[PDB]
$ cat upload.cif   # mmCIF, C-alpha atoms and all ligand atoms
data_work
#
loop_
_atom_site.label_atom_id
_atom_site.label_comp_id
_atom_site.auth_asym_id
_atom_site.auth_seq_id
_atom_site.Cartn_x
_atom_site.Cartn_y
_atom_site.Cartn_z
CA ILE A 19 -89.21 247.37 42.18
CA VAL A 20 -89.11 251.15 41.61
CA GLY A 21 -91.05 252.71 38.73
CA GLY A 22 -92.77 249.45 37.79
CA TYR A 23 -96.34 248.23 37.74
CA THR A 24 -98.60 245.77 39.54
CA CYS A 25 -97.98 242.43 37.77
CA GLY A 26 -101.42 240.94 38.40
CA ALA A 27 -102.05 237.92 40.64
CA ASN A 28 -100.14 234.81 39.52
CA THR A 29 -99.10 236.33 36.18
CA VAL A 30 -95.46 235.50 37.05
CA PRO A 31 -95.96 231.83 37.98
CA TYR A 32 -92.25 231.04 38.53
CA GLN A 33 -91.81 233.88 41.04
CA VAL A 34 -91.22 232.65 44.58
CA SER A 35 -90.95 234.44 47.93
CA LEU A 36 -88.33 233.14 50.36
CA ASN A 37 -89.74 233.39 53.87
CA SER A 38 -88.05 233.08 57.28
CA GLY A 39 -90.96 234.48 59.29
CA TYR A 40 -91.25 237.30 56.70
CA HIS A 41 -90.45 237.77 52.98
CA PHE A 42 -86.70 238.45 52.61
CA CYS A 43 -85.79 237.53 49.00
CA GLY A 44 -87.17 236.40 45.68
CA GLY A 45 -86.33 233.28 43.71
CA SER A 46 -87.30 231.45 40.53
CA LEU A 47 -88.84 227.98 40.34
CA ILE A 48 -86.87 225.98 37.73
CA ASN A 49 -88.55 222.59 38.22
CA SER A 50 -90.97 220.91 40.65
CA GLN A 51 -88.25 220.55 43.33
CA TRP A 52 -85.71 223.37 42.79
CA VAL A 53 -85.49 227.14 43.13
CA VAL A 54 -82.71 229.47 41.87
CA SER A 55 -81.93 232.55 43.97
CA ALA A 56 -78.96 234.82 44.86
CA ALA A 57 -76.21 233.47 47.08
CA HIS A 58 -76.46 236.66 49.13
CA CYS A 59 -79.95 235.44 50.07
CA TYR A 60 -78.51 232.39 51.80
CA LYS A 61 -79.81 231.64 55.30
CA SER A 62 -81.06 228.63 57.25
CA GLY A 63 -84.76 227.94 57.94
CA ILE A 64 -86.08 228.97 54.53
CA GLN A 65 -89.69 228.28 53.60
CA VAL A 66 -90.36 228.66 49.89
CA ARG A 67 -93.70 230.35 49.12
CA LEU A 68 -95.09 229.64 45.66
CA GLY A 69 -98.21 230.99 43.99
CA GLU A 70 -98.00 234.25 45.97
CA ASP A 71 -99.49 237.58 45.02
CA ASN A 72 -100.24 239.44 48.25
CA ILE A 73 -97.53 238.07 50.58
CA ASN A 74 -99.56 239.19 53.61
CA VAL A 75 -102.87 237.50 52.69
CA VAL A 76 -103.68 233.85 52.00
CA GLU A 77 -105.50 234.18 48.68
CA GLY A 78 -105.93 230.54 47.61
CA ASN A 79 -103.16 229.59 45.20
CA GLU A 80 -100.22 229.35 47.59
CA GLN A 81 -97.96 226.39 48.18
CA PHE A 82 -95.66 226.71 51.19
CA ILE A 83 -92.80 224.18 51.10
CA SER A 84 -89.76 224.10 53.42
CA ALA A 85 -86.28 223.92 51.92
CA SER A 86 -84.48 220.61 52.46
CA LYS A 87 -81.09 221.91 51.34
CA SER A 88 -79.36 225.00 50.03
CA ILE A 89 -76.33 225.03 47.75
CA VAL A 90 -74.42 228.29 47.41
CA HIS A 91 -72.24 228.46 44.29
CA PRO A 92 -68.80 226.96 45.07
CA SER A 93 -67.10 230.22 43.95
CA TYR A 94 -69.44 232.79 45.51
CA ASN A 95 -67.52 235.80 46.88
CA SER A 96 -69.66 237.84 49.29
CA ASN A 97 -67.37 240.91 49.02
CA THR A 98 -67.46 241.27 45.21
CA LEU A 99 -70.78 239.39 44.72
CA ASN A 100 -69.10 237.43 41.93
CA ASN A 101 -71.04 234.16 41.31
CA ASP A 102 -74.11 235.41 43.20
CA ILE A 103 -76.25 232.29 42.71
CA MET A 104 -77.71 229.61 44.94
CA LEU A 105 -79.95 226.57 44.50
CA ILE A 106 -82.64 225.59 47.00
CA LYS A 107 -84.22 222.13 47.03
CA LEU A 108 -87.82 221.76 48.23
CA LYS A 109 -88.74 219.10 50.82
CA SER A 110 -91.57 218.02 48.52
CA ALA A 111 -92.29 218.57 44.82
CA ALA A 112 -94.47 221.58 44.02
CA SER A 113 -97.74 220.84 42.27
CA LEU A 114 -97.33 222.53 38.87
CA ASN A 115 -100.32 224.29 37.26
CA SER A 116 -101.00 227.58 35.38
CA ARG A 117 -100.30 229.72 38.48
CA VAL A 118 -97.28 227.75 39.77
CA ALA A 119 -94.89 226.89 36.96
CA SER A 120 -91.19 226.53 36.30
CA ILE A 121 -89.20 228.90 34.09
CA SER A 122 -86.87 227.58 31.37
CA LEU A 123 -83.12 227.94 31.78
CA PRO A 124 -81.35 229.61 28.87
CA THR A 125 -79.47 227.57 26.26
CA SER A 126 -77.59 230.70 25.18
CA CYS A 127 -76.80 234.06 26.75
CA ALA A 128 -78.92 237.12 25.98
CA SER A 129 -77.72 240.24 24.19
CA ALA A 130 -77.82 243.92 25.09
CA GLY A 131 -81.13 245.39 23.92
CA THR A 132 -83.20 242.30 24.74
CA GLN A 133 -86.26 243.23 26.82
CA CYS A 134 -86.73 241.38 30.10
CA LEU A 135 -89.27 241.16 32.87
CA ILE A 136 -87.96 241.78 36.38
CA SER A 137 -90.26 241.17 39.35
CA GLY A 138 -90.38 241.20 43.14
CA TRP A 139 -91.78 242.46 46.43
CA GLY A 140 -88.88 244.83 47.10
CA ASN A 141 -88.83 248.54 47.98
CA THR A 142 -90.79 250.75 45.53
CA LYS A 143 -89.09 254.06 46.42
CA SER A 144 -85.70 255.34 45.25
CA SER A 145 -85.45 257.87 48.07
CA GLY A 146 -87.66 256.62 50.90
CA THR A 147 -89.02 253.20 51.84
CA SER A 148 -92.32 251.51 50.95
CA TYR A 149 -92.74 247.77 50.62
CA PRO A 150 -95.65 246.51 48.53
CA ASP A 151 -97.80 243.59 49.46
CA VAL A 152 -98.52 242.51 45.86
CA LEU A 153 -95.97 241.48 43.23
CA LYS A 154 -94.44 244.32 41.19
CA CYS A 155 -93.05 244.07 37.65
CA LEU A 156 -90.68 246.07 35.45
CA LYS A 157 -89.94 245.68 31.76
CA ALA A 158 -86.28 246.63 31.17
CA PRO A 159 -83.61 246.15 28.48
CA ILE A 160 -80.28 244.47 28.97
CA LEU A 161 -77.52 247.11 28.75
CA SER A 162 -74.22 246.74 26.88
CA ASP A 163 -71.35 245.32 28.90
CA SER A 164 -69.33 248.48 28.12
CA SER A 165 -71.99 250.81 29.56
CA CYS A 166 -72.35 248.46 32.56
CA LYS A 167 -68.60 248.56 33.21
CA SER A 168 -68.54 252.36 32.73
CA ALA A 169 -71.34 252.74 35.30
CA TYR A 170 -69.51 250.56 37.84
CA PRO A 171 -65.75 250.79 37.19
CA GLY A 172 -63.76 247.83 38.56
CA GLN A 173 -66.85 245.92 39.75
CA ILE A 174 -68.46 244.12 36.78
CA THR A 175 -67.28 240.57 36.15
CA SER A 176 -68.04 238.20 33.28
CA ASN A 177 -70.73 236.72 35.58
CA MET A 178 -72.73 239.95 35.76
CA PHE A 179 -74.80 242.11 33.47
CA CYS A 180 -76.65 245.40 33.81
CA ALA A 181 -80.27 245.93 32.92
CA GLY A 182 -82.52 248.95 33.26
CA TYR A 183 -82.34 252.64 32.44
CA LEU A 184 -79.32 254.94 32.76
CA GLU A 185 -81.71 257.91 33.17
CA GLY A 186 -82.90 256.41 36.48
CA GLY A 187 -86.44 256.06 37.86
CA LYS A 188 -86.96 252.37 36.99
CA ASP A 189 -85.02 249.57 38.75
CA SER A 190 -85.15 246.60 41.09
CA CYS A 191 -84.32 247.35 44.75
CA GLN A 192 -83.78 245.94 48.28
CA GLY A 193 -86.14 242.99 48.84
CA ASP A 194 -86.14 242.07 45.14
CA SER A 195 -82.82 240.25 45.70
CA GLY A 196 -82.67 236.73 44.31
CA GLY A 197 -85.67 237.24 42.03
CA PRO A 198 -85.99 236.65 38.28
CA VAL A 199 -84.93 238.52 35.17
CA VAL A 200 -86.78 236.69 32.36
CA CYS A 201 -86.08 237.48 28.70
CA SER A 202 -87.91 235.83 25.81
CA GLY A 203 -89.21 233.11 28.18
CA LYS A 204 -85.80 232.24 29.69
CA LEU A 205 -84.32 232.98 33.11
CA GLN A 206 -81.32 235.14 32.13
CA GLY A 207 -80.72 237.03 35.36
CA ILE A 208 -81.01 237.06 39.13
CA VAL A 209 -81.48 240.31 41.07
CA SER A 210 -78.02 240.81 42.61
CA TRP A 211 -76.92 244.39 43.38
CA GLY A 212 -76.72 248.09 42.54
CA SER A 213 -75.81 251.44 44.02
CA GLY A 214 -79.04 252.62 45.64
CA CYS A 215 -82.12 252.02 43.45
CA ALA A 216 -83.29 253.75 40.28
CA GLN A 217 -80.42 256.25 40.51
CA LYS A 218 -79.12 258.00 37.40
CA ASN A 219 -76.20 256.11 35.81
CA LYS A 220 -76.51 253.31 38.37
CA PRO A 221 -78.55 250.54 36.70
CA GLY A 222 -79.33 247.16 38.32
CA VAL A 223 -76.66 244.46 38.26
CA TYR A 224 -77.76 240.88 37.67
CA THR A 225 -76.20 237.43 37.94
CA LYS A 226 -75.60 236.10 34.39
CA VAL A 227 -77.55 232.84 34.61
CA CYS A 228 -76.45 231.43 31.24
CA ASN A 229 -72.94 230.98 32.71
CA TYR A 230 -74.33 228.61 35.37
CA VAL A 231 -76.63 226.29 33.43
CA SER A 232 -74.02 223.51 33.38
CA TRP A 233 -73.50 223.78 37.18
CA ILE A 234 -77.26 223.95 37.80
CA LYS A 235 -77.98 220.85 35.71
CA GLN A 236 -75.21 218.73 37.22
CA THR A 237 -76.03 219.89 40.74
CA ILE A 238 -79.67 218.92 40.30
CA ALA A 239 -78.61 215.59 38.76
CA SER A 240 -76.76 214.52 41.95
CA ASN A 241 -78.85 216.10 44.71
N1 LIG A 301 -80.37 248.89 42.11
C1 LIG A 301 -80.64 247.58 42.17
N2 LIG A 301 -81.04 246.96 41.14
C2 LIG A 301 -80.48 246.88 43.48
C3 LIG A 301 -79.81 247.52 44.52
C4 LIG A 301 -79.66 246.89 45.75
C5 LIG A 301 -80.18 245.61 45.97
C6 LIG A 301 -80.01 244.98 47.31
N3 LIG A 301 -80.13 245.71 48.36
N4 LIG A 301 -80.00 245.21 49.59
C7 LIG A 301 -79.85 246.00 50.67
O1 LIG A 301 -79.83 247.22 50.60
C8 LIG A 301 -79.72 245.36 52.03
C9 LIG A 301 -80.26 244.09 52.26
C10 LIG A 301 -80.12 243.50 53.53
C11 LIG A 301 -79.45 244.20 54.53
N5 LIG A 301 -78.95 245.41 54.28
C12 LIG A 301 -79.06 246.01 53.08
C13 LIG A 301 -80.86 244.97 44.93
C14 LIG A 301 -81.01 245.60 43.69
CA CA A 302 -100.66 235.24 49.69
#
$ encode --input "upload.cif" --output "structure tokens" --more "lines below"
Ligand SMILES: N=C(N)c1ccc(/C=N/NC(=O)c2cccnc2)cc1
Ligand SMILES: [Ca+2]
Amino acid sequence: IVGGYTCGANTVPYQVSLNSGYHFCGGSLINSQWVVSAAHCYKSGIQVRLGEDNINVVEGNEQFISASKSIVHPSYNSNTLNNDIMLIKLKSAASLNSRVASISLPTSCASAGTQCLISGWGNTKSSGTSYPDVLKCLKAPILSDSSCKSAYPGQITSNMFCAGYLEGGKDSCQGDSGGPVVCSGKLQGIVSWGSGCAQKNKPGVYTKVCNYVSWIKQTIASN
């Protein structure tokens, strides 16, 4: 997260870190046994780390649970990043409390202008590279589909939306991938892609979660 702020320990209780010997992506806990992330985060040997603040220090509220299975969206295209969504099932149910909690799925899509909270342990610099240890947060508005398409001609599908600031300076970034965009208490987005980070006229692009609620529910129901 570039141009954001320190969230505060466990203030984002649905935020997970996907770990394969090191943090490599974010994710969102959607019930005691399932995490939503980006398909581009797919890999084998994932351990899901819940209740994290400092990802380099055991602070007392963590739950580390191995993934038992991953399901990349059936229509994920790694070249276009269309349908950039994946489900991860935990080997055991997380113990849910104030600091480890699921986030509600949307029942309708969000509109341009809605404010959202975007969070992660990704790069904090738009030019250089600095990775934080504690969770970073950014409040950002959803942008109109027309401005999103104008920013990224030929690249924005009906399964994507832009959020952030066309002036630059405030954005998600590398390492935030797969993490949450939460708007009025609902998971509306997943950190997906962008050209650089916090660049002028290049806002963040997010997977449009409301399009996938049907697939998520039915997938969970049979797995
Ligand atoms: N501007 C955003 N909101 C944004 C931009 C980019 C990303 C993702 N980056 N990932 C990388 O660079 C990368 C990752 C692994 C290997 N090689 C390169 C997320 C958000
Ligand atoms: Ca920790």
$ residues_near_ligand --input "upload.cif" --ligand "ligand LIG 301 (chain A)" --cutoff "6 Å" --atoms "all atoms listed in the file" --output "NGL selection string"
:A and (189-192 or 195 or 209-216 or 221-223)
$ residues_near_ligand --input "upload.cif" --ligand "ligand CA 302 (chain A)" --cutoff "6 Å" --atoms "only C-alpha atoms and all ligand atoms" --output "number ranges by chain"
A: 70-77
$ write_last_selection --input "upload.cif" --atoms "C-alpha atoms" --output "mmCIF file, keeping the file's coordinate frame"
data_model
loop_
_atom_site.group_PDB
_atom_site.id
_atom_site.type_symbol
_atom_site.label_atom_id
_atom_site.label_comp_id
_atom_site.auth_asym_id
_atom_site.auth_seq_id
_atom_site.Cartn_x
_atom_site.Cartn_y
_atom_site.Cartn_z
ATOM 1 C CA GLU A 70 -98.000 234.250 45.970
ATOM 2 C CA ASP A 71 -99.490 237.580 45.020
ATOM 3 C CA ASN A 72 -100.240 239.440 48.250
ATOM 4 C CA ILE A 73 -97.530 238.070 50.580
ATOM 5 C CA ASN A 74 -99.560 239.190 53.610
ATOM 6 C CA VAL A 75 -102.870 237.500 52.690
ATOM 7 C CA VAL A 76 -103.680 233.850 52.000
ATOM 8 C CA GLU A 77 -105.500 234.180 48.680
#
$ residues_around --input "upload.cif" --residues "residue 44 of chain A" --least-positions-apart "2" --cutoff "7 Å" --atoms "all atoms listed in the file" --output "VMD selection string"
chain A and resid 34 to 36 55 138 194 to 197
$ residues_around --input "upload.cif" --residues "residue 154 of chain A" --least-positions-apart "2" --cutoff "10 Å" --atoms "all atoms listed in the file" --output "list in words"
residues 19, 20, 21, 22, 23, 24, 25, 26, 27, 30, 71, 136, 137, 138, 139, 140, 141, 142, 150, 151, 152, 156, 190 and 194 of chain A
$ atom_distance --input "upload.cif" --atom1 "atom CA of residue 166 of chain A" --atom2 "atom CA of residue 121 of chain A"
25.9 Å
$ closest_residue --input "upload.cif" --among "A:100, A:176, A:236, A:115" --to "residue 68 of chain A" --atoms "all atoms listed in the file"
A:115
$ closest_residue --input "upload.cif" --among "A:188, A:237, A:97, A:60" --to "residue 144 of chain A" --atoms "all atoms listed in the file"
A:188
$ residues_around --input "upload.cif" --residues "residue 99 of chain A" --least-positions-apart "3" --cutoff "8 Å" --atoms "all atoms listed in the file" --output "list in words"
residues 58, 94, 95, 96, 102 and 210 of chain A
$ atom_distance --input "upload.cif" --atom1 "atom CA of residue 128 of chain A" --atom2 "atom CA of residue 54 of chain A"
18.0 Å
$ closest_residue --input "upload.cif" --among "A:93, A:88, A:202, A:116" --to "residue 129 of chain A" --atoms "all atoms listed in the file"
A:202
$ atom_distance --input "upload.cif" --atom1 "atom CA of residue 33 of chain A" --atom2 "atom CA of residue 185 of chain A"
27.2 Å
$ closest_residue --input "upload.cif" --among "A:114, A:66, A:199, A:57" --to "residue 38 of chain A" --atoms "all atoms listed in the file"
A:66
$ closest_residue --input "upload.cif" --among "A:29, A:65, A:113, A:122" --to "residue 48 of chain A" --atoms "all atoms listed in the file"
A:122
$ closest_residue --input "upload.cif" --among "A:186, A:198, A:31, A:203" --to "residue 225 of chain A" --atoms "all atoms listed in the file"
A:198
$ residues_around --input "upload.cif" --residues "residue 109 of chain A" --least-positions-apart "2" --cutoff "10 Å" --atoms "only C-alpha atoms" --output "list in words"
residues 51, 52, 65, 66, 83, 84, 85, 86, 87, 106, 107, 111 and 112 of chain A
